[PDB]
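What is reported rests on the model, the rules as stated and the sources as named; none is laboratory data. Please note: Cβ atoms are built from the backbone with ideal geometry, for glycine as well, and neighbour counts cover all protein chains shown.
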There are 2 protein chains.
Amino acid sequence: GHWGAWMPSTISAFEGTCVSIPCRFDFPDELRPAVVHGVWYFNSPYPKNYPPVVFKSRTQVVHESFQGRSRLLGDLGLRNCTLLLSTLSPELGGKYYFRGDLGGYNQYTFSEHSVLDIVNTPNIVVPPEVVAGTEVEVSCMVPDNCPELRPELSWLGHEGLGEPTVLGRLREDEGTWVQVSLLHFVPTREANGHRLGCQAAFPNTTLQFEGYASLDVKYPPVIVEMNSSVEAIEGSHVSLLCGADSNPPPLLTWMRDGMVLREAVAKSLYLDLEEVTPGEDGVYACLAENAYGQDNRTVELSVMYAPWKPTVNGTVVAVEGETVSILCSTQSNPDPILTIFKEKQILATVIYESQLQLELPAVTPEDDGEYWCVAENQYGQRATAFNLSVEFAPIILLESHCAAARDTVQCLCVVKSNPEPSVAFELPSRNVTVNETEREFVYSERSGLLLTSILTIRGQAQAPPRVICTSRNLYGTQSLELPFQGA
Amino acid sequence: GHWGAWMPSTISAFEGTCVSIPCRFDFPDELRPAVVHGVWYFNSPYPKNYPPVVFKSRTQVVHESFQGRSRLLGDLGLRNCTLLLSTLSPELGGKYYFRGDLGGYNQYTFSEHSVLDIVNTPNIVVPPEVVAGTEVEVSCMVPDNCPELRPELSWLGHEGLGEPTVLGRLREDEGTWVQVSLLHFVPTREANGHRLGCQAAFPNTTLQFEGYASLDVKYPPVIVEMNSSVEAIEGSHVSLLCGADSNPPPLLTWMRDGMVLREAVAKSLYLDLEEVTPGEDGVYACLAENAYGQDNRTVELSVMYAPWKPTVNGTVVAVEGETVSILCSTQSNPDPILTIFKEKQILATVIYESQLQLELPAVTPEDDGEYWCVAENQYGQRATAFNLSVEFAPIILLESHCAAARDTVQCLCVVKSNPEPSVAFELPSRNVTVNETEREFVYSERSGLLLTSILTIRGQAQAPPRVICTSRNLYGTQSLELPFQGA
Ligand SMILES: *[C@@H]1O[C@H](CO)[C@@H](O[C@@H]2O[C@H](CO)[C@@H](O[C@@H]3O[C@H](CO[C@H]4O[C@H](CO)[C@@H](O)[C@H](O)[C@@H]4O)[C@@H](O)[C@H](O[C@H]4O[C@H](CO)[C@@H](O)[C@H](O)[C@@H]4O)[C@@H]3O)[C@H](O)[C@H]2NC(C)=O)[C@H](O)[C@H]1NC(C)=O
Ligand SMILES: *[C@@H]1O[C@H](CO)[C@@H](O[C@@H]2O[C@H](CO)[C@@H](O[C@@H]3O[C@H](CO[C@H]4O[C@H](CO)[C@@H](O)[C@H](O)[C@@H]4O)[C@@H](O)[C@H](O[C@H]4O[C@H](CO)[C@@H](O)[C@H](O)[C@@H]4O)[C@@H]3O)[C@H](O)[C@H]2NC(C)=O)[C@H](O)[C@H]1NC(C)=O
Ligand SMILES: *[C@@H]1O[C@H](CO)[C@@H](O[C@@H]2O[C@H](CO)[C@@H](O)[C@H](O)[C@H]2NC(C)=O)[C@H](O)[C@H]1NC(C)=O
Ligand SMILES: *[C@@H]1O[C@H](CO)[C@@H](O[C@@H]2O[C@H](CO)[C@@H](O)[C@H](O)[C@H]2NC(C)=O)[C@H](O)[C@H]1NC(C)=O
Ligand SMILES: *[C@@H]1O[C@H](CO[C@@H]2O[C@@H](C)[C@@H](O)[C@@H](O)[C@@H]2O)[C@@H](O)[C@H](O)[C@H]1NC(C)=O
Ligand SMILES: *[C@@H]1O[C@H](CO[C@@H]2O[C@@H](C)[C@@H](O)[C@@H](O)[C@@H]2O)[C@@H](O)[C@H](O)[C@H]1NC(C)=O
Ligand SMILES: *[C@@H]1O[C@H](CO)[C@@H](O)[C@H](O)[C@H]1NC(C)=O
Ligand SMILES: *[C@@H]1O[C@H](CO)[C@@H](O)[C@H](O)[C@H]1NC(C)=O
Ligand SMILES: *[C@@H]1O[C@H](CO)[C@@H](O)[C@H](O)[C@H]1NC(C)=O
Ligand SMILES: *[C@@H]1O[C@H](CO)[C@@H](O)[C@H](O)[C@H]1NC(C)=O
Ligand SMILES: *[C@@H]1O[C@H](CO)[C@@H](O)[C@H](O)[C@H]1NC(C)=O
Ligand SMILES: *[C@@H]1O[C@H](CO)[C@@H](O)[C@H](O)[C@H]1NC(C)=O
Ligand SMILES: *[C@H]1O[C@H](CO)[C@@H](O)[C@H](O)[C@@H]1O
Ligand SMILES: *[C@H]1O[C@H](CO)[C@@H](O)[C@H](O)[C@@H]1O
């Protein structure tokens, strides 16, 4: 064929271990030299910039940095130029060329080369993404390019997780050989932050080389930091703490009835409320959402607040003998117990309810006065008041009399009615006496519901003059004869 | 003797009546003419201004205005020259001279003369001042200078008043003769404005001559126009009229308690008052004072006015079981009757007096409230009011109870006290239960004197928990166990 060669671009091995560079070449078969010499140049392609001579046919003189370190296996004449370099060191790490010397002026340095790496750490391969709910395999590749010292592998930090599987050497890249060791297992949620290692050793040696890798397992957020059902006062400070444990940043959302609130991405979100109201009462949900799974957890916040200042509707001023409905409303957050009562007497008692109604069958006069409505509760109590002032058909009280002093005669009659009662006296006075004695006579006064009135007849002997009292308003009329107590 | 004559300066007589001029003369007695002539000149003393010749000896020729009107009586030779002139007339009224004619160049007109008045009205003389309490005499003089026609007198408008006294002729002035007629009587108070007359006549004639005079009698003021005892309202118009009847201007004085007021001099003085006050009430005196006597008359003015707005002193806020004095004062001009009373009951009644006191023996709670004080009177009535608010050692009313609903148990206890009562509940609750059910419990309220309070024990079975109520103020303390009515 034509000129040309075959050599693996990349080759690697450990410290103190031999390498075996696979090499093959071609030259015009037209020439058949009986003696074929060859040279292994280091770090440089052109002879012009003098490179270290790794090996030369029929010549012991090489570079002093390769003296006793290298030797060629197999005749060149059979197109075989594989090379062995034992006991490596980091200086020897570089690029290697092969130049051929057959005949004269037919000396060719081949362009295609091989690069020598000198690594003392094995190569571990792990999947880009490790899900906590899928089966995962991790490999440990070690570059065995030495047939005399065959390396053996070890798994450090295995912690069970099933047996390690083993392979012989596989055909890595272009003709190079590598012993691989794979591990097959399925992670949990604790697999993250774990350390996995791979060791390599040889029988007759004190050489031991090791490599590491830390796992990044992706688990779905499961909410741990979640406080339960709470009860807080209005105005007080409310601190809800929501925490999710996911290795991928879990999208944490605070929501209620479909509201945005504070949406954020972290391991723990705070939700603060001040001036708590009955509107903020109820259920708050925290959703931990991740591309590997989701978890929602909910809490109940009961706002405990003293009952509102009560309000009362219904009738207030009705007639006598009628029906009266009084409706008392209150908006409390914890079940309020509320009672309504008159001065000295208690009327209606409702237990654990929002509002209370009281009905009155008929109105006796006494049902006038002011009543009270209290809303009692565990955390506080407020109240309100309402005057029931009914309408009356005038009632002349029997505290009424006619006292007779000797010289002059006087009477006292009292009534009670809601509107002011036009009051009057009637009397049987013998004959007709005008401008005699007195003509101005009586006087009257009122306090609240009571209308007191006093009569005074002047110059009347103890001869008992009968006296009658009458009272009218817009509703009723009453008349009554008064008795004697004096003399 | 020497030259000279004697003749009355003034002589007077009526119309148609003769006059007799008394005349005497003297001349040096050395000459004795045997023939003595004489002449009576009129109106002029000197012959130079030719005067009318009234008479001439041995000569009929006289003035034509004296022709047949005059004649001389008695011889001149006996020194007598008295002359008579009959049938007079107003022209002849003038001054008369006498001139003597004895011998030659011994002709003398005498300087002293006589003047002839011709009056047809008699002369009445009355005292300068005529007192109604003294005896008075009035004269009527008439000049009788005619011996042939002797005049006689008459009293016209005599009206009794006693007899007229009569005199003969008296010797008026210098030798002239006058018939006088005097009247003696004593006047009254009506004598003023009376008319007194004097007439004179002769027997054989139609001649009658008359004269007049009006009396000015001075009487002491006797008060006629005087209204009696009166009663008038304050603010009203008061008109006092005081009249005196005295012919001399009576000094009228309005006085009271020794005060000047309106002093004036007339027949009737007005005294006006407006905005009458209790200070102008009382006795007013009118004095009619004259230099001929005096008279005082008095009146009583009572001011009738509605009683003043009453004022009350004494205690107002005392303790329980104590004594209370309430003094109510009023200043009324007519005797006021006044009463004080409580709402519904009457307390004190005083009749026709200025002020009224009420005492209270002990104070029962009910003696609290507001009382009224009225001052009633014929012309009007005003009033005032006062709150008696006493102090109480707290009283727990027996409107108190313990109603037991099935689910929950509630109580109601009420007291009454003047200062606010610190109120409390005591109860036997088995074991000790704190923060269980309720810990706020009770509620209380107050109206006026009443302190209502309600208890509420929550979650207590119908197993009846006994309940006690206590109340303390600065005065007393009470405790009481309440009973069951529900279930
Ligand atoms: C160019 O030429 C070279 C050789 O000149 C070829 O490369 C290889 O060179 C290595 C030298 O290190 C040879 O490895 C040796 O293998 C011997 C046994 O060969 C095996 O294969 C035959 C198959 O016919 C089997 O029957 C046999 O049982 C073997 O499994 C061993 O004797 C040597 O190892 C000894 O020492 C080690 C420890 O040091 C022990 O583990 C061994 O048991 C033994 O005692 C040695 O390792 C290898 O054989 C050569 N390969 C070939 C194919 O010849 C290149 O291939 C060639 N290239 C070109 C392009 O021509
Ligand atoms: C100057 O002289 C004259 C007389 O010349 C004197 O004046 C008097 O004159 C009058 C004449 O009118 C004389 O009056 C007459 O009176 C006669 C009676 O005299 C009375 O007196 C004597 C007293 O001796 C009594 O006795 C006697 O009774 C008489 O009472 C009457 O006769 C005359 O009146 C007759 O007429 C009338 C009516 O006309 C009748 O009423 C008579 O009754 C009677 O009929 C006459 O009136 C008077 O006498 C003379 N007086 C005197 C004193 O002589 C002067 O006095 C004198 N003066 C001086 C200074 O010398
Ligand atoms: C309810 O009734 C009371 C009287 O019983 C009304 O008036 C109060 O009376 C007290 C006297 O003890 C006064 O000191 C208060 O000032 C009064 N209140 C007011 C607002 O003036 C009261 O007004 C009545 N209320 C209603 C709503 O009818
Ligand atoms: C006397 O008592 C009355 C109450 O009984 C006092 O107050 C009056 O109460 C009525 C309610 O019906 C109010 O409408 C009046 O306005 C109140 N009066 C005043 C002046 O405020 C009253 O004040 C008491 N008087 C005295 C002198 O103690
Ligand atoms: C009292 O309530 C009134 C409304 O009446 C109530 O509601 C209607 C729909 C019916 O159910 C009826 O039976 C109820 O009584 C209001 O108009 C009024 O403003 C209210 N007043 C107060 C004090 O809240
Ligand atoms: C009530 O009168 C008081 C005076 O007291 C009275 O007069 C004295 C001299 C004694 O006679 C005593 O017994 C009387 O009670 C006054 O100080 C007070 O201002 C008066 N108040 C009124 C309301 O008028
Ligand atoms: C040492 O190497 C020899 C090869 O010469 C091998 O047979 C032997 O098993 C090895 N022994 C140890 C202990 O490494
Ligand atoms: C959550 O509720 C519990 C009651 O079980 C309470 O003790 C805790 O303090 C609450 N924590 C937060 C953060 O609200
Ligand atoms: C909440 O989680 C439950 C799992 O029990 C799931 O069925 C539901 O769909 C989730 N809801 C949301 C809004 O993510
Ligand atoms: C008249 O006058 C004479 C005198 O001559 C006298 O006597 C007589 O009384 C008189 N008579 C009357 C009526 O006048
Ligand atoms: C005087 O008093 C009487 C009452 O007798 C009365 O009628 C009269 O009008 C009063 N006159 C005056 C001027 O006051
Ligand atoms: C009033 O008149 C009487 C007469 O009865 C008299 O005594 C008294 O002094 C007179 N008083 C005065 C002040 O003039
Ligand atoms: C190597 O040298 C030249 C390169 O073109 C050719 O004649 C032939 O490929 C030979 O083998
Ligand atoms: C009248 O005349 C003269 C006046 O002096 C005197 O000689 C005498 O008085 C005589 O009578």
Inset, instruction - State all residues of the range A:403-433 that are more than 10 Å from chain B (Cβ to nearest Cβ) and closer than 16 Å to residue B:350 by Cα; if no residue qualifies, say none. - result: A:404, A:409
Legend entry - In the range B:102-143, residue nearest to residue B:246 (Cα to Cα) [restricted to those that are hydroxyl-bearing (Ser, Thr, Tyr) and more than 38 Å from the chain's Cα centre (by Cα)]: B:139
Legend entry - Given (1) away from chain B (no Cβ under 14 Å); (2) buried (at least 20 other Cβ atoms within 10 Å of the Cβ), index of the condition residue A:374 fails: (1)
Inset, instruction - Report whether or not residue B:313 is within 16 Å of ligand 12 (Cβ to nearest atom), surrounded by fewer than 13 Cβ atoms within 10 Å (Cβ to Cβ) and not charged (D, E, K, R). - result: no
Legend entry - Test: residue B:211 is more than 16 Å from ligand 9 (Cβ to nearest atom), in contact with a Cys (Cβ under 7 Å, 6 or more places away or on another chain) and assigned to a strand (DSSP E or B): yes
Inset, instruction - Among the residues of the range A:357-369, write down those that are more than 14 Å from chain B (Cβ to nearest Cβ), of a type outside the set (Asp, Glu) and not in a loop (DSSP other than H, G, I, E, B). - result: A:357, A:358, A:360, A:365
Inset, instruction - Would you mind listing the strands (runs of 3 or more DSSP E) fully within the range A:87-140 where at least 2 residues are of a type in the set (A, V, I, L, M, F, W, C) and buried (at least 16 other Cβ atoms within 10 Å of the Cβ)? - result: A:114-118
Legend entry - Odd one out for residue A:307, checked against (1) buried (at least 20 other Cβ atoms within 10 Å of the Cβ); (2) free of Cβ contacts under 8 Å to residues at least 60 places away in the same chain; (3) within 13 Å of chain B (Cβ to nearest Cβ); (4) within 30 Å of residue A:259 (Cα to Cα): (2)
Legend entry - Residue in the range B:332-356 that is farthest from residue A:442 (Cα to Cα), counting only those that are away from every other protein chain (no Cβ under 12 Å) and in contact (Cβ under 8 Å) with a residue 40 or more places away in the chain: B:333
Inset, instruction - Quickly run through the range B:165-223 and pick out the residues that are free of Cβ contacts under 8 Å to residues at least 60 places away in the same chain and aliphatic (A, V, I, L, M). - result: B:166, B:167, B:170, B:178, B:180, B:182, B:183, B:186, B:201
Legend entry - Qualifying residue in the range A:229-238 (condition: of a type in the set (A, V, I, L, M, F, W, C) and touching a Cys at 6+ places or on another chain (Cβ under 8 Å)): no
Inset, instruction - Could you list, in sequence order, all residues of the range A:52-78 that are surrounded by 14 or more Cβ atoms within 10 Å (Cβ to Cβ), touching a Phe, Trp or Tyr at 6+ places or on another chain (Cβ under 9 Å) and without any contact (Cβ under 8 Å) to a residue 40 or more places away in the chain? - result: A:52, A:53, A:55, A:56, A:62, A:63, A:66, A:70, A:72
Legend entry - Filter result for residue A:240 (aliphatic (A, V, I, L, M), more than 16 Å from ligand 7 (Cβ to nearest atom) and farther than 22 Å from residue A:267 by Cα): no
Legend entry - Single unsatisfied condition, residue B:386 versus (1) within 11 Å of another protein chain (Cβ to nearest Cβ); (2) surrounded by fewer than 19 Cβ atoms within 10 Å (Cβ to Cβ): (1)
Inset, instruction - Count, please, the residues in the range B:434-448 that happen to be more than 11 Å from chain A (Cβ to nearest Cβ) and either touching an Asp or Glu at 6+ places or on another chain (Cβ under 7 Å) or assigned to a strand (DSSP E or B) (or both). - result: 0
Inset, instruction - Could you tell me whether residue B:368 is touching a residue at least 12 places away in the same chain (Cβ under 8 Å), over 19 Å from residue B:448 (Cα atoms) and among the charged types (D, E, K, R)? - result: no
Inset, instruction - Go through the range B:371-423 and tell me which strands (runs of 3 or more DSSP E), entirely inside it, have 2 or more residues that are β-branched (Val, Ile, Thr). - result: B:409-416
Inset, instruction - List every residue pair whose Cβ atoms sit under 6 Å apart, with the two residues 6 or more apart in sequence or on different chains, where the first one lies in the range A:79-96 and is in the same structural domain as residue A:54 (by CATH) and the second, anywhere, is assigned to a loop (DSSP other than H, G, I, E, B) and within 16 Å of ligand 5 (Cβ to nearest atom). - result: none
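For (1) without any contact (Cβ under 8 Å) to a residue 24 or more places away in the chain; (2) away from ligand 9 (no atom under 16 Å from the Cβ); (3) more than 14 Å from chain B (Cβ to nearest Cβ); (4) basic (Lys, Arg), each residue gets a yes or a no:
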site	(1), (2), (3), (4)
A:228	no, yes, yes, no
A:236	no, yes, yes, no
A:252	no, no, yes, no
A:265	yes, yes, yes, no
A:282	no, yes, yes, no
Inset, instruction - Answer with yes or no whether residue A:464 is in contact (Cβ under 8 Å) with a residue 60 or more places away in the chain and either at the interface with another protein chain (Cβ under 10 Å from one of its Cβ atoms) or part of a loop (DSSP other than H, G, I, E, B) (or both). - result: yes
Legend entry - Which numbered condition residue B:472 fails, given (1) free of Cβ contacts under 8 Å to residues at least 24 places away in the same chain; (2) among the basic types (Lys, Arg); (3) more than 13 Å from chain A (Cβ to nearest Cβ): (1)
Inset, instruction - Specify which of the listed residues (B:400, B:329) is surrounded by 15 or more Cβ atoms within 10 Å (Cβ to Cβ), out of contact with any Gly (no Cβ under 9 Å at 6 or more places or on another chain) and within 12 Å of chain A (Cβ to nearest Cβ). - result: B:400
Inset, instruction - Quickly run through the range A:449-461 and pick out the residues that are within 12 Å of chain B (Cβ to nearest Cβ) and either assigned to a loop (DSSP other than H, G, I, E, B) or under 60 Å from the mean Cα position of the chain (by Cα) (or both). - result: A:449, A:458, A:459
Inset, instruction - Quick one: residue B:301 ticks every box in (1) away from chain A (no Cβ under 14 Å); (2) among the aliphatic types (A, V, I, L, M); (3) more than 44 Å from the chain's Cα centre (by Cα); (4) not in a loop (DSSP other than H, G, I, E, B) except a single one, so which number is it? - result: (3)
Inset, instruction - Answer with yes or no whether residue B:284 is closer than 21 Å to residue B:231 by Cβ and assigned to a strand (DSSP E or B). - result: yes
